[PDB]
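*Asks:* Below is the structure I would like to discuss, written out as structure tokens.
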Amino acid sequence: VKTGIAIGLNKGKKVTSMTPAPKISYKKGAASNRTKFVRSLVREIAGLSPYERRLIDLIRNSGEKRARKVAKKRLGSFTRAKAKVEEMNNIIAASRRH
Amino acid sequence: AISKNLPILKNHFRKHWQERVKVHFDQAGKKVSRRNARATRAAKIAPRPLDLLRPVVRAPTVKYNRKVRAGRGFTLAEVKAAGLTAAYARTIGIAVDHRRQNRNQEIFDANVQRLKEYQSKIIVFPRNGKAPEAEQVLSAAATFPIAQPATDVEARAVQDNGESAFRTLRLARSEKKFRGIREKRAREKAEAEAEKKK
RNA sequence: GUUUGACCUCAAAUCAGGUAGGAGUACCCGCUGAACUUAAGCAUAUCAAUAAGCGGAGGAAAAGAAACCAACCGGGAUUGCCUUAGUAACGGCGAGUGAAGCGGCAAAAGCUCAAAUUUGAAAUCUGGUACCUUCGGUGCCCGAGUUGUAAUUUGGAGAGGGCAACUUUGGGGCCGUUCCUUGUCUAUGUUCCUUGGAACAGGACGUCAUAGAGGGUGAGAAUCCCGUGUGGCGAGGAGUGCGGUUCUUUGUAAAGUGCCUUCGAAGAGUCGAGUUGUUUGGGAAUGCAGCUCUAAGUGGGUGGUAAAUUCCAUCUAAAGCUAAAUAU
RNA sequence: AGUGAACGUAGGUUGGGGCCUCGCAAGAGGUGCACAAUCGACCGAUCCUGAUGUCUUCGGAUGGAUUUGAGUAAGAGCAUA
RNA sequence: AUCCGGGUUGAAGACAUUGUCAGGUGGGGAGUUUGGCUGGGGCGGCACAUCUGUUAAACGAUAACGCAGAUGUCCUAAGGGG
RNA sequence: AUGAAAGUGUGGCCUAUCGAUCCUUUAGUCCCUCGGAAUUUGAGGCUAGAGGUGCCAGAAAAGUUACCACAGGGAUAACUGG
């Protein structure tokens, strides 16, 4: 909700701000139940890539802070290095534990 | 190659501009072509207007938001409100914009009655029954003009509290400039020490 | 080791039917690419993302229905003009260059695939042959194709299942009118005198005029001729804009609409990152390209100062079709 | 980022055409546009001053400064040649 | 004129090759520059930014590759006060 | 600061001893900006310095031509004449 003056925080005119319906474009990347099943199975067959093995090696050797430092040069971004090192932590958990 | 005392000019003529000078002698010749082009389109589209019913829409950019204006196409929300289909609307002479969405009740209601007033005034011919000869009204957008809604009255009473509207704007600006710095000076000295303290 | 038959990949033929070059190039889509010149010198800059060179189209081309603009009370494909603006920005921050959004207007119109089990029936398509009512149609026959051709779905949605009521539809033949290509017809002084080779010149008396545009005729001709003006009557094409108009008849099959319930696939050597080169007004990098790396699924891009943490807004990339306003 | 033009008769002073008054006229007196000099006042900037207050660090009243501006102070401009 | 495998034969081998980026070398080649004043240019010089005295003709100004010289520093004292 | 004070002192008793933009760096300030909204680095700004241009109002720069060239010049040399 806006205040009603042309400077400040919510700024400006107070109208009936209510309301739209949700766009079907906005759920573009929704896991779903196909792509979940297909991505789960295609990882079974097969082969976590050579860098994905190196990151697993570095997680179990020198923790993260080095997994990510190397992942972000291997991948492009820091946001991607984070999510990669996080999925590597999860496969480490799902495989090594029990 | 510098003035007596003259303004420093920026005349951008160091390319081969002489090879792409475009003089509009064709203005009068194009004007009659556009009028003939309109007359022939109205003969083709025989009993129907040349332009489709446009919706009302408030202009963006705070400089211009003070005035309303004929937007591109109504909306899937306004079409459903007025009581017709986004397919049927396009065919019987209403611009429908799949993109635009409604976040404003005054614009929504304005456009919804604008669809209801258009539906009231048109008389849609049946597919194969009979053609009743209705002489064509050319400009639909001239039949349904864009009314800039008058949002106040002539004169009123001074419902005064005396808060100095200058001092109101100046404090509102200060609240903006120190919103984050006060949240930081409230996260330390106020809390993060009280979180340990009894 | 043989018998015959498949399949896959690759061949051959003066094999049945087809298609490509070349020309032109004003305008259009690309690639490649200078120097003169400007800077009072000159190497970055500039000329110029121009000339030249090469590849490729059409009557237009390209673009185009958002991985857009914005920050608003928000706008809503594309192109063009007016404006923004000689501005924000760039730049030996010198010379010089230099956009975009909003706003008014011109014209306006939207859409298609991939990813789904038709699976109680490849429903699909080329070809050959015969016959017909021949830009095609039907029967039969070989082939394509399940390594996926049709019906359904395109994000605005939508699909499956459930319940409940309606509401709307197709084909051609025949003139008129429509758009082009032409043909023909449609008034008025050649009266008098004078100079002259000729009167189309001067003077007199008229005539027509919706025709005194223009040209011809032995000198300046509305009235001598062709035409001009105004209407008319023809013939020949392109016909779906409509009117009249008559055979049907699709249909037992397709479309929109409401409430519930489960779902709701959405494009990868790509996006993105580093680096090199180029380019841009785009400045810790605007686009493009090479090389190395190379994602994700509440995901990805963008939000014009690099990053980290936190939110927010806005779109939906890596697949595609599309007249007019514009150029000439 | 911002802020934003009247202490006064829109100021005082010396000039100032023209007009008004007394006059025969010489003149004196008054009112004085433009413009000129000058002293001020007002707006923004810079340097301080730092009231009532208060999300206790925000707010910046109030009054100064051999500082500063292509400013205000009964609008002159736009279009065309 | 022996059977089997249909790996033509023999070298070389994850080096080299090629691709991209990076350092060196690179008048073989490309582009361009190569002060000024000046008793012609050049060789000298600086009269090119400054300072003293004279030229300079008793206000000021005043030239020449006129004359005699000077500057690109030095000093917490060689500054300030007593 | 000095001095009892009057006072004198904004470098050298006086006349010389020095340097733009752009760039970089420093000093100042509870400053402004990074434009969807926050914080901290980071960058950018505002006011005053410094790193320098001696061709000193401040290009980034070696020769050679007797193979030579063009625009000019008697503003200027090599011959005559005065």
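Each chain in the structure tokens gets a letter, A, B and so on, in the order shown; residues start at 1 in every chain, and ligands are counted from 1 in the order they appear.
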Determine, using only C-alpha atoms (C1' of nucleotides), which residues of chain D have any atom at most 9 Å from an atom of chain B, and tabulate each with its shortest atom pair and distance in Å to one decimal place, rows ordered by chain and then rising number, as CSV.

*Replies:*
```
residue,atom,partner,partner_atom,distance
D:55,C1',B:182,CA,7.6
D:58,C1',B:174,CA,8.2
D:59,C1',B:171,CA,8.4
```

*Asks:* List the spatial neighbours of residue 72 in chain A as a list in words - criterion: any atom at most 12 Å away, only C-alpha atoms (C1' of nucleotides), same-chain residues fewer than 4 positions off excluded.

*Replies:* residues 51, 55, 64, 65, 66, 67, 68, 76, 77, 78, 79, 80, 81, 82, 83, 84 and 85 of chain A; 272, 273, 274, 293, 294 and 295 of chain C

*Asks:* Of the residues D:63, D:79, D:7, D:23, which is the one nearest to residue 51 in chain D, using only C-alpha atoms (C1' of nucleotides)?

*Replies:*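 Closest candidate: D:63.
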
*Asks:* Leaving out range 19-35 of chain F and any residue of its chain fewer than 2 positions from it, which residues lie within 7 Å of it when counting only C-alpha atoms (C1' of nucleotides), given as a PyMOL selection string?

*Replies:* (chain C and resi 93+305) or (chain D and resi 1) or (chain F and resi 45+58)

*Asks:* Which one is closest to chain B: F:43, F:75, F:18, F:37? Count only C-alpha atoms (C1' of nucleotides).

*Replies:*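 Looking at the shortest contact to chain B, the residue is F:37.
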
*Asks:* Residues of chain A within 9 Å of chain C, counting only C-alpha atoms (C1' of nucleotides) - could you list those as a PDB file with N, CA, C and O atoms, in the first residue's frame?

*Replies:*
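To be explicit, this is the file written out as iface30.pdb:
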```pdb
ATOM      1  N   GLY A  12       3.372   6.975  -4.588  1.00  0.00           N
ATOM      2  CA  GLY A  12       2.559   8.048  -4.035  1.00  0.00           C
ATOM      3  C   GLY A  12       1.084   7.684  -4.018  1.00  0.00           C
ATOM      4  O   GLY A  12       0.640   7.140  -2.991  1.00  0.00           O
ATOM      5  N   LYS A  13       0.355   7.961  -5.106  1.00  0.00           N
ATOM      6  CA  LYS A  13      -1.138   7.980  -5.135  1.00  0.00           C
ATOM      7  C   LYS A  13      -1.707   6.672  -4.575  1.00  0.00           C
ATOM      8  O   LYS A  13      -1.235   5.599  -4.989  1.00  0.00           O
ATOM      9  N   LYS A  14      -2.711   6.787  -3.694  1.00  0.00           N
ATOM     10  CA  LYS A  14      -3.497   5.658  -3.126  1.00  0.00           C
ATOM     11  C   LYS A  14      -4.714   5.417  -4.030  1.00  0.00           C
ATOM     12  O   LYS A  14      -5.624   6.271  -4.044  1.00  0.00           O
ATOM     13  N   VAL A  15      -4.697   4.308  -4.775  1.00  0.00           N
ATOM     14  CA  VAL A  15      -5.834   3.775  -5.587  1.00  0.00           C
ATOM     15  C   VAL A  15      -6.209   2.412  -5.002  1.00  0.00           C
ATOM     16  O   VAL A  15      -5.500   1.945  -4.087  1.00  0.00           O
ATOM     17  N   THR A  16      -7.281   1.803  -5.510  1.00  0.00           N
ATOM     18  CA  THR A  16      -7.665   0.401  -5.202  1.00  0.00           C
ATOM     19  C   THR A  16      -6.661  -0.525  -5.903  1.00  0.00           C
ATOM     20  O   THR A  16      -6.923  -0.918  -7.059  1.00  0.00           O
ATOM     21  N   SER A  17      -5.564  -0.868  -5.211  1.00  0.00           N
ATOM     22  CA  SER A  17      -4.402  -1.644  -5.731  1.00  0.00           C
ATOM     23  C   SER A  17      -4.770  -3.111  -6.016  1.00  0.00           C
ATOM     24  O   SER A  17      -3.904  -3.828  -6.560  1.00  0.00           O
ATOM     25  N   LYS A  23      -0.251 -15.314 -13.540  1.00  0.00           N
ATOM     26  CA  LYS A  23       0.217 -15.709 -14.898  1.00  0.00           C
ATOM     27  C   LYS A  23       0.740 -17.149 -14.850  1.00  0.00           C
ATOM     28  O   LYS A  23       1.373 -17.516 -13.838  1.00  0.00           O
ATOM     29  N   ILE A  24       0.491 -17.920 -15.912  1.00  0.00           N
ATOM     30  CA  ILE A  24       0.986 -19.321 -16.076  1.00  0.00           C
ATOM     31  C   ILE A  24       2.439 -19.283 -16.584  1.00  0.00           C
ATOM     32  O   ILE A  24       3.122 -20.320 -16.472  1.00  0.00           O
ATOM     33  N   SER A  25       2.905 -18.132 -17.087  1.00  0.00           N
ATOM     34  CA  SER A  25       4.321 -17.881 -17.475  1.00  0.00           C
ATOM     35  C   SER A  25       5.229 -17.873 -16.243  1.00  0.00           C
ATOM     36  O   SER A  25       6.412 -18.219 -16.397  1.00  0.00           O
ATOM     37  N   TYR A  26       4.705 -17.471 -15.079  1.00  0.00           N
ATOM     38  CA  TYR A  26       5.491 -17.226 -13.839  1.00  0.00           C
ATOM     39  C   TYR A  26       5.945 -18.544 -13.192  1.00  0.00           C
ATOM     40  O   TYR A  26       6.911 -18.485 -12.405  1.00  0.00           O
ATOM     41  N   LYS A  27       5.307 -19.677 -13.510  1.00  0.00           N
ATOM     42  CA  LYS A  27       5.739 -21.029 -13.057  1.00  0.00           C
ATOM     43  C   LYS A  27       6.552 -21.700 -14.173  1.00  0.00           C
ATOM     44  O   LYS A  27       6.375 -22.922 -14.372  1.00  0.00           O
ATOM     45  N   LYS A  28       7.417 -20.949 -14.868  1.00  0.00           N
ATOM     46  CA  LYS A  28       8.179 -21.442 -16.049  1.00  0.00           C
ATOM     47  C   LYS A  28       8.982 -22.679 -15.630  1.00  0.00           C
ATOM     48  O   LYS A  28       8.688 -23.779 -16.150  1.00  0.00           O
ATOM     49  N   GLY A  29       9.931 -22.498 -14.708  1.00  0.00           N
ATOM     50  CA  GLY A  29      10.769 -23.574 -14.147  1.00  0.00           C
ATOM     51  C   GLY A  29      10.120 -24.202 -12.927  1.00  0.00           C
ATOM     52  O   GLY A  29      10.514 -23.837 -11.805  1.00  0.00           O
ATOM     53  N   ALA A  30       9.138 -25.084 -13.142  1.00  0.00           N
ATOM     54  CA  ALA A  30       8.463 -25.896 -12.101  1.00  0.00           C
ATOM     55  C   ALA A  30       8.894 -27.357 -12.271  1.00  0.00           C
ATOM     56  O   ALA A  30       8.683 -27.903 -13.373  1.00  0.00           O
ATOM     57  N   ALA A  31       9.477 -27.947 -11.223  1.00  0.00           N
ATOM     58  CA  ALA A  31      10.135 -29.276 -11.227  1.00  0.00           C
ATOM     59  C   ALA A  31       9.257 -30.296 -11.961  1.00  0.00           C
ATOM     60  O   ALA A  31       9.707 -30.801 -13.003  1.00  0.00           O
ATOM     61  N   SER A  32       8.047 -30.558 -11.453  1.00  0.00           N
ATOM     62  CA  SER A  32       7.076 -31.533 -12.018  1.00  0.00           C
ATOM     63  C   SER A  32       7.737 -32.914 -12.125  1.00  0.00           C
ATOM     64  O   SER A  32       7.786 -33.599 -11.089  1.00  0.00           O
ATOM     65  N   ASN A  33       4.278 -35.753 -12.983  1.00  0.00           N
ATOM     66  CA  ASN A  33       5.601 -35.487 -12.350  1.00  0.00           C
ATOM     67  C   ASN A  33       6.710 -36.103 -13.214  1.00  0.00           C
ATOM     68  O   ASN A  33       7.122 -37.247 -12.931  1.00  0.00           O
ATOM     69  N   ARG A  34       7.173 -35.355 -14.221  1.00  0.00           N
ATOM     70  CA  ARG A  34       8.000 -35.857 -15.350  1.00  0.00           C
ATOM     71  C   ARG A  34       9.478 -35.514 -15.121  1.00  0.00           C
ATOM     72  O   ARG A  34      10.266 -36.460 -14.939  1.00  0.00           O
ATOM     73  N   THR A  35       9.838 -34.225 -15.127  1.00  0.00           N
ATOM     74  CA  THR A  35      11.251 -33.750 -15.237  1.00  0.00           C
ATOM     75  C   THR A  35      12.034 -34.171 -13.984  1.00  0.00           C
ATOM     76  O   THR A  35      13.261 -34.346 -14.105  1.00  0.00           O
ATOM     77  N   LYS A  72      33.394 -22.128  -8.875  1.00  0.00           N
ATOM     78  CA  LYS A  72      32.977 -20.826  -9.466  1.00  0.00           C
ATOM     79  C   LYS A  72      33.898 -20.453 -10.636  1.00  0.00           C
ATOM     80  O   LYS A  72      33.463 -19.634 -11.467  1.00  0.00           O
ATOM     81  N   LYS A  73      35.133 -20.967 -10.667  1.00  0.00           N
ATOM     82  CA  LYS A  73      36.042 -20.851 -11.839  1.00  0.00           C
ATOM     83  C   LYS A  73      35.640 -21.898 -12.885  1.00  0.00           C
ATOM     84  O   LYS A  73      35.723 -21.580 -14.088  1.00  0.00           O
ATOM     85  N   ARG A  74      35.223 -23.092 -12.445  1.00  0.00           N
ATOM     86  CA  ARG A  74      34.781 -24.206 -13.330  1.00  0.00           C
ATOM     87  C   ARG A  74      33.436 -23.831 -13.967  1.00  0.00           C
ATOM     88  O   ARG A  74      33.370 -23.777 -15.205  1.00  0.00           O
ATOM     89  N   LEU A  75      32.410 -23.554 -13.159  1.00  0.00           N
ATOM     90  CA  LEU A  75      31.159 -22.891 -13.623  1.00  0.00           C
ATOM     91  C   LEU A  75      31.468 -21.404 -13.823  1.00  0.00           C
ATOM     92  O   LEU A  75      32.643 -21.025 -13.662  1.00  0.00           O
ATOM     93  N   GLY A  76      30.469 -20.595 -14.180  1.00  0.00           N
ATOM     94  CA  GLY A  76      30.654 -19.153 -14.425  1.00  0.00           C
ATOM     95  C   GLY A  76      30.515 -18.326 -13.162  1.00  0.00           C
ATOM     96  O   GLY A  76      31.475 -17.605 -12.813  1.00  0.00           O
ATOM     97  N   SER A  77      29.361 -18.438 -12.498  1.00  0.00           N
ATOM     98  CA  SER A  77      28.887 -17.518 -11.433  1.00  0.00           C
ATOM     99  C   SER A  77      29.224 -18.071 -10.044  1.00  0.00           C
ATOM    100  O   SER A  77      29.752 -19.197  -9.955  1.00  0.00           O
ATOM    101  N   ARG A  80      25.768 -20.117  -8.965  1.00  0.00           N
ATOM    102  CA  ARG A  80      25.736 -21.467  -9.594  1.00  0.00           C
ATOM    103  C   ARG A  80      26.684 -22.414  -8.852  1.00  0.00           C
ATOM    104  O   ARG A  80      26.285 -23.572  -8.616  1.00  0.00           O
ATOM    105  N   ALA A  81      27.894 -21.938  -8.533  1.00  0.00           N
ATOM    106  CA  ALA A  81      28.907 -22.631  -7.699  1.00  0.00           C
ATOM    107  C   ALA A  81      28.263 -23.088  -6.387  1.00  0.00           C
ATOM    108  O   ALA A  81      28.506 -24.235  -5.978  1.00  0.00           O
ATOM    109  N   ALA A  83      24.883 -23.566  -5.685  1.00  0.00           N
ATOM    110  CA  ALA A  83      23.844 -24.584  -5.980  1.00  0.00           C
ATOM    111  C   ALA A  83      24.489 -25.907  -6.415  1.00  0.00           C
ATOM    112  O   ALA A  83      23.899 -26.964  -6.116  1.00  0.00           O
ATOM    113  N   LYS A  84      25.637 -25.852  -7.101  1.00  0.00           N
ATOM    114  CA  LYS A  84      26.394 -27.051  -7.554  1.00  0.00           C
ATOM    115  C   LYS A  84      26.969 -27.759  -6.324  1.00  0.00           C
ATOM    116  O   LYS A  84      26.655 -28.951  -6.132  1.00  0.00           O
TER     117      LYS A  84
END
```

*Asks:* I need the residues in range 16-180 of chain B that are strand (DSSP E) according to DSSP; give them as a list in words.

*Replies:* residues 56, 57, 58, 68, 69 and 70 of chain B

*Asks:* Identify all chain A residues at most 12 Å from chain F by counting only C-alpha atoms (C1' of nucleotides); ligands do not count. Present them as a list in words.

*Replies:* residues 8, 9 and 10 of chain A

*Asks:* Hey, can you check how far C1' of residue 84 in chain C sits from CA of residue 11 in chain B?

*Replies:*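 It comes out at 18.4 Å.
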
*Asks:* With a distance cut-off of 12 Å and only C-alpha atoms (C1' of nucleotides), select the neighbouring residues of residue 69 in chain E, excluding the residue or stretch itself and same-chain residues fewer than 5 positions from it, and output the selection as an MDAnalysis selection string.

*Replies:* chainID E and resid 51:54

*Asks:* Pick out the residues sitting within 8 Å of range 169-181 of chain C, and hand them over as a PyMOL selection string; count only C-alpha atoms (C1' of nucleotides), and ignore anything fewer than 6 positions along from it in its own chain.

*Replies:* chain C and resi 236-238+241+243-245+249-250

*Asks:* Take the residues just selected and output them with C-alpha atoms (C1' of nucleotides) as a PDB file, in the first residue's frame.

*Replies:*
```
ATOM      1  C1'   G C 236     -12.434  -8.678 -72.848  1.00  0.00           C
ATOM      2  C1'   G C 237      -9.851 -10.394 -68.179  1.00  0.00           C
ATOM      3  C1'   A C 238      -8.936 -10.854 -62.600  1.00  0.00           C
ATOM      4  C1'   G C 241     -16.158  -7.018 -51.338  1.00  0.00           C
ATOM      5  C1'   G C 243     -26.467  -7.813 -53.255  1.00  0.00           C
ATOM      6  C1'   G C 244     -29.989 -10.792 -55.620  1.00  0.00           C
ATOM      7  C1'   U C 245     -29.947 -15.871 -56.567  1.00  0.00           C
ATOM      8  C1'   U C 249     -26.582 -30.456 -45.887  1.00  0.00           C
ATOM      9  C1'   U C 250     -22.798 -30.813 -44.014  1.00  0.00           C
TER      10        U C 250
END
```

*Asks:* Give as a ChimeraX atom specification every residue of chain F that touches chain B within 12 Å, counting only C-alpha atoms (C1' of nucleotides).

*Replies:* /F:37-40

*Asks:* Show me, as an MDAnalysis selection string, every residue of chain B with an atom at most 10 Å from chain C, counting only C-alpha atoms (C1' of nucleotides).

*Replies:* chainID B and resid 1 9:12 14:16 34 43:46 50:52 57:68 71:73 75:76 84:88 90 95 97:101 103:104 106:107 127 131

*Asks:* How would the residues just picked look written out with N, CA and C atoms as a short mmCIF file (atom, residue, chain, number, x, y, z; two decimals), in the first residue's frame?

*Replies:*
```cif
data_model
loop_
_atom_site.label_atom_id
_atom_site.label_comp_id
_atom_site.auth_asym_id
_atom_site.auth_seq_id
_atom_site.Cartn_x
_atom_site.Cartn_y
_atom_site.Cartn_z
N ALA B 1 40.02 29.48 -37.12
CA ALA B 1 38.71 28.74 -37.32
C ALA B 1 37.83 28.77 -36.06
N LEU B 9 28.80 25.52 -31.58
CA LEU B 9 27.76 24.70 -32.26
C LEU B 9 28.30 23.30 -32.54
N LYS B 10 27.40 22.33 -32.62
CA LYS B 10 27.69 20.90 -32.89
C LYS B 10 26.89 20.48 -34.13
N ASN B 11 27.39 20.84 -35.31
CA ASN B 11 26.75 20.55 -36.62
C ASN B 11 27.37 19.27 -37.18
N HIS B 12 26.61 18.17 -37.16
CA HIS B 12 27.08 16.79 -37.43
C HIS B 12 27.03 16.49 -38.94
N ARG B 14 30.11 15.81 -41.07
CA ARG B 14 31.49 15.40 -41.45
C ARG B 14 31.46 14.05 -42.18
N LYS B 15 30.29 13.41 -42.29
CA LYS B 15 30.05 12.20 -43.13
C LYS B 15 29.62 12.65 -44.53
N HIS B 16 29.18 11.70 -45.38
CA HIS B 16 28.56 11.97 -46.71
C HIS B 16 27.04 12.08 -46.54
N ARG B 34 -3.04 8.55 -48.40
CA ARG B 34 -3.52 8.08 -47.08
C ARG B 34 -5.04 8.23 -46.99
N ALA B 43 -14.58 1.16 -47.90
CA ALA B 43 -15.40 0.51 -48.95
C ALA B 43 -15.29 -1.01 -48.83
N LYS B 44 -14.08 -1.52 -48.56
CA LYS B 44 -13.78 -2.95 -48.29
C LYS B 44 -14.50 -3.39 -47.01
N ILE B 45 -14.11 -2.80 -45.87
CA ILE B 45 -14.73 -2.98 -44.53
C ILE B 45 -15.98 -2.10 -44.51
N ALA B 46 -17.05 -2.58 -45.16
CA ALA B 46 -18.12 -1.74 -45.76
C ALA B 46 -18.91 -1.01 -44.67
N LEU B 50 -13.12 1.91 -39.26
CA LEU B 50 -11.71 1.66 -39.68
C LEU B 50 -10.86 1.25 -38.46
N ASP B 51 -11.14 1.82 -37.28
CA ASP B 51 -10.39 1.58 -36.02
C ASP B 51 -11.24 0.70 -35.09
N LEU B 52 -10.60 -0.10 -34.24
CA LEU B 52 -11.26 -0.98 -33.24
C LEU B 52 -11.43 -0.22 -31.92
N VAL B 57 -6.48 3.64 -20.41
CA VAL B 57 -5.27 3.15 -19.69
C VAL B 57 -4.49 4.38 -19.21
N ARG B 58 -4.03 4.35 -17.96
CA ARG B 58 -3.28 5.48 -17.35
C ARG B 58 -1.82 5.41 -17.81
N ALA B 59 -1.30 6.50 -18.37
CA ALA B 59 0.06 6.59 -18.94
C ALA B 59 1.08 6.29 -17.85
N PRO B 60 2.23 5.64 -18.19
CA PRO B 60 3.29 5.40 -17.22
C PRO B 60 4.14 6.66 -17.05
N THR B 61 5.21 6.58 -16.26
CA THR B 61 6.24 7.65 -16.08
C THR B 61 5.58 8.83 -15.37
N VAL B 62 5.92 9.06 -14.10
CA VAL B 62 5.19 9.94 -13.14
C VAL B 62 4.92 11.33 -13.75
N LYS B 63 5.82 11.82 -14.61
CA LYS B 63 5.65 13.05 -15.45
C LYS B 63 4.29 13.05 -16.16
N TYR B 64 3.83 11.89 -16.64
CA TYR B 64 2.66 11.72 -17.54
C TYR B 64 1.50 10.97 -16.89
N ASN B 65 1.66 10.39 -15.69
CA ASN B 65 0.63 9.51 -15.07
C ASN B 65 -0.62 10.32 -14.71
N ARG B 66 -0.47 11.65 -14.59
CA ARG B 66 -1.55 12.63 -14.32
C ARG B 66 -2.65 12.63 -15.39
N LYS B 67 -2.46 11.97 -16.54
CA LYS B 67 -3.46 11.91 -17.65
C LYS B 67 -3.64 10.48 -18.13
N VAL B 68 -4.89 10.13 -18.45
CA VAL B 68 -5.30 8.82 -19.03
C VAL B 68 -5.23 8.94 -20.55
N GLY B 71 -5.22 3.00 -24.51
CA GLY B 71 -4.23 1.90 -24.55
C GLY B 71 -4.43 1.02 -25.78
N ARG B 72 -3.74 -0.13 -25.83
CA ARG B 72 -3.68 -1.02 -27.02
C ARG B 72 -4.92 -1.92 -27.07
N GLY B 73 -5.12 -2.75 -26.06
CA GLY B 73 -6.22 -3.74 -26.01
C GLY B 73 -6.70 -3.98 -24.60
N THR B 75 -8.18 -6.46 -22.13
CA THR B 75 -7.60 -7.45 -21.17
C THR B 75 -8.53 -8.66 -21.11
N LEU B 76 -8.01 -9.79 -20.65
CA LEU B 76 -8.79 -11.05 -20.51
C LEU B 76 -9.72 -10.93 -19.29
N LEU B 84 -18.19 -11.45 -22.41
CA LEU B 84 -17.93 -11.99 -23.77
C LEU B 84 -16.59 -12.75 -23.74
N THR B 85 -16.16 -13.31 -24.87
CA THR B 85 -14.93 -14.13 -25.01
C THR B 85 -13.84 -13.30 -25.69
N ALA B 86 -12.57 -13.54 -25.35
CA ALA B 86 -11.38 -12.84 -25.90
C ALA B 86 -11.24 -13.13 -27.40
N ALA B 87 -11.81 -14.24 -27.88
CA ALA B 87 -11.90 -14.63 -29.31
C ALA B 87 -13.02 -13.82 -29.99
N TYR B 88 -14.23 -13.86 -29.43
CA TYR B 88 -15.45 -13.17 -29.96
C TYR B 88 -15.23 -11.65 -30.00
N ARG B 90 -12.29 -9.90 -30.42
CA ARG B 90 -11.36 -9.61 -31.54
C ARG B 90 -12.13 -9.54 -32.87
N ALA B 95 -10.12 -4.46 -29.66
CA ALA B 95 -8.70 -4.80 -29.41
C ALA B 95 -8.61 -5.49 -28.04
N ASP B 97 -5.76 -7.24 -25.46
CA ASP B 97 -4.31 -7.33 -25.14
C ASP B 97 -4.10 -8.45 -24.11
N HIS B 98 -3.58 -9.59 -24.57
CA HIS B 98 -3.21 -10.77 -23.74
C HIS B 98 -2.21 -10.38 -22.65
N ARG B 99 -1.41 -9.33 -22.88
CA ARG B 99 -0.29 -8.91 -21.99
C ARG B 99 -0.83 -8.21 -20.74
N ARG B 100 -1.48 -7.06 -20.90
CA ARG B 100 -1.85 -6.14 -19.79
C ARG B 100 -2.67 -6.90 -18.74
N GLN B 101 -2.46 -6.58 -17.46
CA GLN B 101 -3.23 -7.12 -16.30
C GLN B 101 -3.75 -5.94 -15.47
N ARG B 103 -4.59 -4.02 -12.06
CA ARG B 103 -4.19 -3.77 -10.65
C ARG B 103 -4.92 -2.53 -10.10
N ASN B 104 -5.88 -1.97 -10.85
CA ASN B 104 -6.51 -0.65 -10.58
C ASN B 104 -8.01 -0.76 -10.86
N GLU B 106 -10.53 1.64 -10.67
CA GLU B 106 -11.13 2.80 -11.40
C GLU B 106 -10.93 2.63 -12.91
N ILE B 107 -9.74 2.19 -13.33
CA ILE B 107 -9.40 1.88 -14.76
C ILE B 107 -10.19 0.64 -15.20
N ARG B 127 -24.98 -14.21 -39.52
CA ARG B 127 -24.05 -14.86 -40.49
C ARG B 127 -24.70 -14.98 -41.88
N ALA B 131 -29.14 -9.02 -44.20
CA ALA B 131 -28.24 -7.85 -44.02
C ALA B 131 -29.08 -6.58 -43.92
#
```

*Asks:* Wanna dump the range 53-79 of chain F-range 19-42 of chain E contacts at 12 Å for me, each residue with its shortest atom pair and the distance in Å to one decimal, counting only C-alpha atoms (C1' of nucleotides), ordered by chain and number, as a tab-separated table?

*Replies:*
```
residue	atom	partner	partner_atom	distance
F:55	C1'	E:35	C1'	6.1
F:59	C1'	E:35	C1'	10.3
F:60	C1'	E:33	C1'	9.7
F:61	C1'	E:33	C1'	4.7
F:62	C1'	E:34	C1'	5.9
F:63	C1'	E:34	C1'	7.9
F:64	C1'	E:34	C1'	11.5
F:74	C1'	E:40	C1'	11.8
F:75	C1'	E:40	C1'	11.3
F:76	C1'	E:40	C1'	4.7
F:77	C1'	E:40	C1'	4.4
F:78	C1'	E:40	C1'	10.0
```
